[PDB]
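For reference, positions follow the sequence shown, starting with 1. Counting starts at 1 for both ligands and their atoms, in listed order. Scope of the values below: all heavy atoms of this structure, side chains included, with no hydrogens, waters or symmetry mates.
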Amino acid sequence: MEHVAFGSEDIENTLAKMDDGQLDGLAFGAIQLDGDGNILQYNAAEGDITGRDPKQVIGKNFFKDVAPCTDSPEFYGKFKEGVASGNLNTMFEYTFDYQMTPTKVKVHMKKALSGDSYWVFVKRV
Ligand SMILES: *C(=O)/C=C/c1ccc(O)cc1
């Protein structure tokens, strides 16, 4: 395992050192998005939660293509305000229900330490 707790205050500094292989050792799902919502990184734990194959969703748009259930003011709306503002740090519960059994999760969205990238972290509840 990589030992990093979900919700940790300095998580963006810790994850700045990991490559795709290290990200697969986290105890929670991790997605890195660009400012348009395209998927740059997608770890093994996220694929275990949602059924998606990580290598197949990299490059797709999360809000348009992969996760239309998140295209709502409650999820995408928060993301886009964060990108526009250049700051984002929010945690909320959500249900993922597209082409899968409805699954309740906790989501943490946080701006990355690098400029135009954003993390989405997911764990079951
Ligand atoms: C709603 O459409 C949610 C879909 C979804 C969430 C998270 C993922 O990693 C993949 C699909």
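Residues meeting the salt bridge (charged side-chain N to carboxylate O under 4.0 Å, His left out) test with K110, sequence neighbours left out: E12. Applying the ring pair (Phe, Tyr, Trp, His ring centres under 6.0 Å) criterion to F75, with sequence neighbours excluded, gives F92, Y94.
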Filter the ligand 1-protein atom pairs down to N or O on both sides and distance under 3.5 Å, then list them.
| unit_1 | atom_1 | unit_2 | atom_2 | d |
| --- | --- | --- | --- | --- |
| ligand 1 | 2 (O) | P68 | N | 3.4 |
| ligand 1 | 2 (O) | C69 | N | 2.8 |
| ligand 1 | 9 (O) | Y42 | OH | 2.5 |
| ligand 1 | 9 (O) | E46 | OE2 | 2.6 |

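Sorted by first and then second residue, the pairs that involve residues 79-97 and meet salt bridge (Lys or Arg N to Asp or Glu O under 4.0 Å), not counting sequence neighbours, are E93-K104, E93-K106.
Side chains of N38 and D34: a donor on one and an acceptor on the other come within 3.5 Å. With 3.5 Å as the limit, one finds a donor-acceptor pair spanning the side chains of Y42 and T50.
Between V107 and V120, the closest heavy-atom pair is CG1-CG1, 3.9 Å.
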